[PDB]
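# coordinates only, sequence not included:
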DNA sequence: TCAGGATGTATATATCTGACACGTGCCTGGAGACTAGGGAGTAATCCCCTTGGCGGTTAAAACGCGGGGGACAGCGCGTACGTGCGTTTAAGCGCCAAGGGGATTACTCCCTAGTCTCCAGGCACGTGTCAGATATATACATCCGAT
């Protein structure tokens, strides 16, 4: 192990990072292969990443602060919950009695952006795939979809086989009244084919970039006819930014190592600002080096606006 | 049911003996230095535990049904307990005798512990293995529900 882990794995020596160890793919080219599907058939249209940076709402603000200064362990997971929808937390939503009115969208900034974009795509007429990462979050999405009078088909770690096949077939009927079609990002194996869809909204980003790559390939898989778009909601100035940063670290690591040597927020302004942020971070991480890329800076996310590790 | 008994149940009085208050001294808790080592805070490393989600195998668990036998209700009945009365008998209470047992109370010493100072050699840890305990199958002999 240590031989590979030290000879051209992580060091701290010199500009070796891109002068020698980077050039040392000659160890690998002998026995490894991959034929880039981007240009061997040239029949698919490329991808469309439209990361959206979103800020907390008041309920998110107070809940985020509550977790920062307190069953609740694994704080890094809880902050992801609060960044998605506070209704995941017990006793957050108003009630009882429990209703399903605009008090649902009224407390989740991602869900507000999602609702606006869902209306916009619906009037365009692009049936959409939602790839959440918590099945419990799919419950709130189901409730919202029903309250907005859309119909769906949910597949996750609960539905048995026959349910999965019949739901897929129902969505893929040649004249199917299926607008939204929920799933979980790492579920369904690989046989699930949804080329008939048009948009994949990555409600959450994943630690492993290739998990989402395979996920957002469920619509980009061979056979897809028209250019597709894949949104990725991000909670600006929160843990999700750290997660996206580390995921991009790993994605560029993969590319360098292998892929070379083959209220409303006025949606348009948020789109442009988030696109500028994406360009800025891409510029930040493009120029990194192997040993430099492997640091995993592990910036403690407990402190967010000034914290003291106290309750 | 009601009047006839039998039994607690309040009530006033006198007795007493046990709880309480009071002075002494002697012993222990408090004030006051002095000091050293236990513990709080810090840094580094590694293994375990969390939270949310997924996929799969496959025995247990849930459900329904039918039928028996165990439960619970009654019916005698014939004891074996109760209740009451008379009468011994023993518990308790005093008293006699002389000792030994024991618990302070106060010196003495011996000797046997604790303390320190090296220093080897017991033991815990990290390495192999191979022998015992598995799971498998099969033949058997051995209880259980109907004549």
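On my side now, so go ahead. Numbers count the residues shown, from 1 in each chain, chains lettered A, B, ... in the order given.
# drop to CA atoms for contacts and neighbour counts, all remaining ones
OK.
# The stretch 1-150 of chain A: helices as residue ranges?
When secondary structure is read from DSSP state H, counting those that start in this stretch, the stretch 1-150 of chain A shows helices at A:2-7, A:16-19, A:58-68, A:75-84, A:109-124, A:135-147.
# ranges for the strands of chain A?
Defined through DSSP state E, the strands belonging to chain A, from first to last, are A:52-54, A:128-132, A:180-184, A:199-202, A:229-235.
# And those strands: which comes nearest DNA strand B?
DNA strand B sits nearest to strand A:180-184 of all these, at 4.8 Å, using Cα to the nearest atom of the strand.
# Would you tell me which residues of the stretch 51-200 of chain A are close to DNA strand B?
Residues of the stretch 51-200 of chain A that fall close to DNA strand B, judged by Cα under 7 Å from any atom of the strand: A:71-74, A:77-78, A:133-137, A:156-158, A:184, A:186-189.
# Any chance of a PyMOL selection covering the buried ones in those?
Taking 16 or more other Cα atoms under 10 Å as the burial criterion, the selection of buried members of these in PyMOL is written as:
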select buried, chain A and resi 78+133+134+135+137+156+184+186+188
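# Find the centremost residue of chain A, please.
residue A:205 (2.4 Å; Cα atoms, centre = their mean).
# just checking, it touches residue A:212?
Yes: using Cα atoms under 8 Å, residue A:205 is in contact with residue A:212, at 7.3 Å.
# Distance check, the residue nearest to the centre of chain A against DNA strand B.
Using Cα to the nearest atom of the strand, to the nearest Å, one gets 13 Å for the distance from residue A:205 to DNA strand B.
# Residue A:31 now?
Distance, residue A:31 to DNA strand B, by Cα to the nearest atom of the strand: 30 Å.
# now residue A:171
18 Å.
# and if you look at residue A:127?
21 Å.
# ok, now which ones touch that residue?
Contacts for residue A:127 were tallied using Cα atoms under 8 Å, 6 or more residues apart in numbering; they are A:121, A:178, A:179, A:180, A:181, A:197, A:198, A:199.
# likewise residue A:289?
The contact partners of residue A:289, taken as Cα under 8 Å, 6+ apart, are A:17, A:18.
# what are the phi and psi values for it?
Note on residue A:289: backbone dihedrals following degrees, to the nearest 10 are phi -120, psi 170.
# Save the contacts of residue A:127 as CSV, and put in distance to residue A:170 too.
Conversion of these to CSV gives the following (distance: Cα to Cα, whole Å):
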residue, distance to residue A:170
A:121, 21
A:178, 8
A:179, 11
A:180, 12
A:181, 10
A:197, 13
A:198, 16
A:199, 18
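# and residue A:303, backbone torsions?
On the backbone of residue A:303 - angles per degrees, to the nearest 10 - the values are phi -80, psi 130.
# Leaving out chain neighbours, which residue sits closest to residue A:237?
In space, residue A:237 comes closest to residue A:55 once its chain neighbours are excluded; the distance is 7.1 Å by Cα to Cα, 6 or more residues apart in numbering.
# Can you get me a residue count around the one you found?
Other residues lying near residue A:55 total 17 when counted by other Cα atoms under 10 Å.
# ok, now which ones touch it?
Taking Cα under 8 Å, 6+ apart, we find residue A:55 in contact with A:109, A:235, A:236, A:237.
# give me that answer again for 7 Å
Listed by Cα atoms under 7 Å, 6 or more residues apart in numbering, the contact partners of residue A:55 are A:109, A:235, A:236.
# can you pick the most crowded of those residues?
With neighbours defined as other Cα under 10 Å, the most crowded of these is residue A:109; it has 25 neighbours.
# about what we covered before: redo the contacts of residue A:55 as JSON lines? Include distance to residue A:149.
JSON lines is the format used below for the contacts of residue A:55 (distance: Cα to Cα, whole Å):
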{"residue": "A:109", "distance to residue A:149": "21"}
{"residue": "A:235", "distance to residue A:149": "27"}
{"residue": "A:236", "distance to residue A:149": "30"}
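# So which of those residues is the closest to residue A:193?
Comparing the contacts of residue A:55 against residue A:193 with Cα to Cα picks out residue A:235 as the nearest, at 29.5 Å.
# Other residues contacting the top helix by length along chain A?
Counting residues, the longest helix found in chain A (DSSP state H) is helix A:267-286. The contact list for helix A:267-286, computed with Cα under 7 Å, 6+ apart, reads A:51, A:52, A:53.
# switch to 10 Å and redo it
When contacts are taken as Cα atoms under 10 Å, 6 or more residues apart in numbering, the neighbours of helix A:267-286 outside the stretch itself are A:49-54, A:113, A:116-117, A:233-234, A:236, A:244-245, A:248-249, A:252, A:265, A:293.
# Thanks a lot, see you next time.
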